[PDB]
Amino acid sequence: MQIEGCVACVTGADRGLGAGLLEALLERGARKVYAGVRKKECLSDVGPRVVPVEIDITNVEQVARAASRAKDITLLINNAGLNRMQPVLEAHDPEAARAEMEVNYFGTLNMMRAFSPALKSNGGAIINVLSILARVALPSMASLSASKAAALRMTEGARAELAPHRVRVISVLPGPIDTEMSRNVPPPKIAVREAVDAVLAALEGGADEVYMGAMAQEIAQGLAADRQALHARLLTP
Amino acid sequence: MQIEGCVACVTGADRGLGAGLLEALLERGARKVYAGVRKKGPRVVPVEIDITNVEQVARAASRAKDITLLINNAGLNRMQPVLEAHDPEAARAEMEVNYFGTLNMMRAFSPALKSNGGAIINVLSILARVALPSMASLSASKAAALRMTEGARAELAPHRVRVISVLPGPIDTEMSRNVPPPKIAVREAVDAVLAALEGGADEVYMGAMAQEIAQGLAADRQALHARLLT
Ligand SMILES: NC(=O)c1ccc[n+]([C@@H]2O[C@H](COP(=O)([O-])OP(=O)(O)OC[C@H]3O[C@@H](n4cnc5c(N)ncnc54)[C@H](OP(=O)(O)O)[C@@H]3O)[C@@H](O)[C@H]2O)c1
Ligand SMILES: NC(=O)c1ccc[n+]([C@@H]2O[C@H](COP(=O)([O-])OP(=O)(O)OC[C@H]3O[C@@H](n4cnc5c(N)ncnc54)[C@H](OP(=O)(O)O)[C@@H]3O)[C@@H](O)[C@H]2O)c1
């Protein structure tokens with residue numbers, strides 16, 4: 001499908017990749033964008049074609065309220081996410097793993113469940129912004145990795161359930177992007193503008209598993225070519 | 001790491017694969033097995049462990065400081081899709097057992113394993129690597145557990161603890177009563193889990209279905225996805 005004339009909802013639209021997606025959807029001729037934010041005061045772009053909607057994706061009531069006000073949706077981009085950057089065992093915060101799972105898996109799932117009825121009725125597409133770490137843990141962020149892997153399996157199951165109803169479901173798997181989430185990750189990081197372009201370009205390709213950037217491509221190719229060798233290298237300190 | 005002489009703990013020891021593992025560990029010479037069960041010979045120490053109950057997990061670890069082998073076998077499959085689930089919280093229930101419960105066990109027992117040296121085997125599922133639509137929330141919880149196993153493997157490798165995942169297809173236990181044949185016999189599954197300690201692989205695929213899916217996810221990925229999902 002085309003961006004031109006679509007009715008989109010983007011979560012996490014107040015900053016980072018989501019703010020970039022909001023701006024690009026507008027520039028490329030979207031009819032309307034529901035800009036999901038946790039505090040409407042956080043949004044700097046509230047002009048024409050933008051409908052700010054309060055959505056903490058972990059809050060089932062806010063998600064339901066948003067879906068009921070967005071029955072014209074044709075494109076959902078599940079962009080909101082949380083990376084607490086902690087290992088699974090030696091975590092400073094033992095509850096961080098549960099918080100990441102709550103946003104990246106249960107929150108995305110809440111959005112899928114609430115917005116799918118309208119997408120089935122209208123036709124359309126869902127893009128889930130996951131991570132290359134859905135495919136392999138980085139030990140220092142292994143609980144983020146686990147939450148994104150759960151979200152990838154969920155995206156596969158949702159694709160199967162929605163395929164007979166003409167709703168396309170795409171996963172995008174990036175390496176590091178230059179946003180506040182990765183403030184502590186050393187460069188090189190993908191520029192937001194490049195990441196925005198790659199997310200939106202996924203609608204024009206045929207792949208439902210889309211790797212963004214060199215790191216993500218290298219990991220996917222290495223896992224296919226020699227899974228065991230790559231694991232032994234990446235997971236032995 | 002031999003089973004002979006080891007001190008093992010296996011969860012889910014009252015039925016299915018865990019009960020088979022308890023029996024085989026004894027036959028193969030474990031000097032002591034902490035048999036984790038939800039409702040309770042001299043080499044067997046029954047221990048009350050709901051793996052989602054952090055206090056029961058902590059109490060069990062405090063009474064198992066001699067452990068050298070942990071087998072995280074307990075698991076739950078609600079067999080529901082992610083979107084049209086009959087129970088909207090089935091996904092949360094599976095995540096609680098298969099991810100958070102296994103994580104609780106890893107966190108509580110790792111200190112003694114680091115002190116004694118030893119190994120952890122996590123019984124996951126081939127569905128950690130790809131969803132089946134009718135069981136996609138089970139798949140998600142096992143994929144979470146697989147990434148967690150990888151992270152734990154890296155954290156524990158410098159501290160004399162080997163961490164292995166086992167990824168079976170269907171096994172002939174109560175969990176898979178509604179999965180049609182064919183299913184791996186419990187005894188074959190037991191042999192494959194315990195043989196993992198003598199092999200060098202960090203991921204062990206159990207049975208022909210699991211091996212075929214693993215091969216396809218590396219070498220035939222787009223077509224395998226289409227076959228399972230669309
Ligand atoms: N290196 C990277 O940055 C990187 C790499 C791979 C994948 N990704 C993924 O890319 C996506 C965008 O992240 P980013 O890089 O733009 O990070 P970011 O700058 O930290 O922005 C994260 C966004 O998610 C929102 N969010 C977090 N928890 C939320 C919740 N419970 N409900 C609603 N919104 C919530 C934040 O809202 P508030 O402003 O209200 O906090 C913010 O808008 C995420 O899914 C992330 O996992 C990022
Ligand atoms: N086809 C299959 O059977 C299959 C396929 C792939 C992977 N696996 C995995 O193999 C492992 C063993 O399952 P199984 O085949 O032996 O199934 P099973 O016969 O149904 O046994 C499941 C076991 O898990 C225990 N358990 C569940 N929730 C628990 C909790 N909160 N705390 C403690 N114990 C809990 C059960 O305890 P109670 O008896 O007290 O309920 C039971 O001992 C699981 O991790 C499963 O996911 C099985």
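Using ideal geometry, Cβ is built from the backbone for each residue, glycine included, and neighbour counts are taken over all protein chains shown. Only the coordinates and a few stated rules stand behind these numbers; no lab work does.
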Can you work out which of the residues in region A:162-178 that are surrounded by fewer than 20 Cβ atoms within 10 Å (Cβ to Cβ) and away from every other protein chain (no Cβ under 14 Å) is farthest from the chain's Cα centre (by Cα)? A:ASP178
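For every residue, the table says whether it meets (1) in contact with a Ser or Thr (Cβ under 8 Å, 6 or more places away or on another chain); (2) among the polar types (S, T, N, Q); (3) away from ligand 1 (no atom under 16 Å from the Cβ); (4) within 14 Å of chain A (Cβ to nearest Cβ).
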| residue | (1), (2), (3), (4) |
| --- | --- |
| B:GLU27 | no, no, yes, no |
| B:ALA30 | no, no, yes, no |
| B:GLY36 | yes, no, yes, no |
| B:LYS39 | no, no, yes, no |
| B:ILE49 | yes, no, yes, no |
| B:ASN53 | no, yes, yes, no |
| B:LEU69 | no, no, yes, no |
Selection from region B:87-96 of residues more than 9 Å from chain A (Cβ to nearest Cβ) and either among the charged types (D, E, K, R) or surrounded by 24 or more Cβ atoms within 10 Å (Cβ to Cβ) (or both) yields B:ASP87, B:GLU89, B:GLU94, B:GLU96
Among the residues of region A:92-139, which ones are touching a helix residue (DSSP H, G or I) at 6+ places or on another chain (Cβ under 7 Å), more than 13 Å from A:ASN78 (Cβ to Cβ) and assigned to a loop (DSSP other than H, G, I, E, B)? A:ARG135, A:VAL136, A:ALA137, A:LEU138
Among the candidates B:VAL186, B:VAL204, B:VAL166, B:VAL161, which residue alone is touching a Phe, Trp or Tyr at 6+ places or on another chain (Cβ under 9 Å) and of a type outside the set (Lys, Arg)? B:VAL166
Test B:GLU84 against the criterion of being within 17 Å of A:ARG153 (Cα to Cα), charged (D, E, K, R), buried (at least 20 other Cβ atoms within 10 Å of the Cβ) and within 13 Å of chain A (Cβ to nearest Cβ), and give yes or no. no
Go through region A:97-111 and give me each residue that's within 9 Å of chain B (Cβ to nearest Cβ) and farther than 12 Å from A:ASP56 by Cα. A:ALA97, A:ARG98, A:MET101, A:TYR105, A:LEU109
Filter region B:182-204 down to the residues that are within 11 Å of another protein chain (Cβ to nearest Cβ) and of a type outside the set (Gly, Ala, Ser) and list them by number. B:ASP202, B:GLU203
Of all residues in region A:184-223, count the ones that are of a type outside the set (D, E, K, R) and part of a helix (DSSP H, G or I). 18
Take the conditions in a helix (DSSP H, G or I) and within 14 Å of chain B (Cβ to nearest Cβ) and apply them to A:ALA229. Does it pass? yes
Of the candidates A:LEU76, A:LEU21, A:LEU43, A:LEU17, the one satisfying the condition of being farther than 21 Å from B:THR102 by Cβ, within 14 Å of ligand 1 (Cβ to nearest atom), touching a strand residue (DSSP E or B) at 6+ places or on another chain (Cβ under 7 Å) and within 14 Å of chain B (Cβ to nearest Cβ) is A:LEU76
With respect to B:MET135, is the statement that it is within 13 Å of ligand 2 (Cβ to nearest atom) and either within 18 Å of the chain's Cα centre (by Cα) or more than 12 Å from chain A (Cβ to nearest Cβ) (or both) true? yes
Enumerate the pairs (first residue in region A:1-17 and hydroxyl-bearing (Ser, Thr, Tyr); second residue anywhere and outside any loop (DSSP other than H, G, I, E, B) and within 15 Å of ligand 1 (Cβ to nearest atom)) with beta-carbon separation below 8 Å, excluding pairs fewer than 6 apart on the same chain, so at least 6 apart or on different chains. A:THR11/A:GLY18; A:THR11/A:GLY36; A:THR11/A:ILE77; A:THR11/A:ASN78; A:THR11/A:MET111
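Listed here are the residues, each with its yes/no results for (1) of a type outside the set (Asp, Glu); (2) over 14 Å from the mean Cα position of the chain (by Cα); (3) more than 20 Å from A:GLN2 (Cβ to Cβ); (4) surrounded by fewer than 17 Cβ atoms within 10 Å (Cβ to Cβ).
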| site | (1), (2), (3), (4) |
| --- | --- |
| A:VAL50 | yes, yes, no, no |
| A:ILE55 | yes, yes, yes, no |
| A:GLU61 | no, yes, yes, yes |
| A:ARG65 | yes, yes, yes, yes |
| A:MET111 | yes, no, yes, no |
Could you check region B:126-166 and list, in sequence order, the residues that are within 22 Å of B:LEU69 (Cβ to Cβ) and of a type in the set (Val, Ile, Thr)? B:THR149, B:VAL161, B:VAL163, B:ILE164, B:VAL166
Kindly evaluate B:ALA208 against the criterion of being surrounded by fewer than 16 Cβ atoms within 10 Å (Cβ to Cβ) and either within 16 Å of ligand 1 (Cβ to nearest atom) or among the hydrophobic types (A, V, I, L, M, F, W, C) (or both). yes
Does region A:71-79 contain any residue that is closer than 15 Å to A:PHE115 by Cα, basic (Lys, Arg) and assigned to a helix (DSSP H, G or I)? no
Number of the exception - A:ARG159 against (1) surrounded by fewer than 22 Cβ atoms within 10 Å (Cβ to Cβ); (2) part of a helix (DSSP H, G or I): (1)
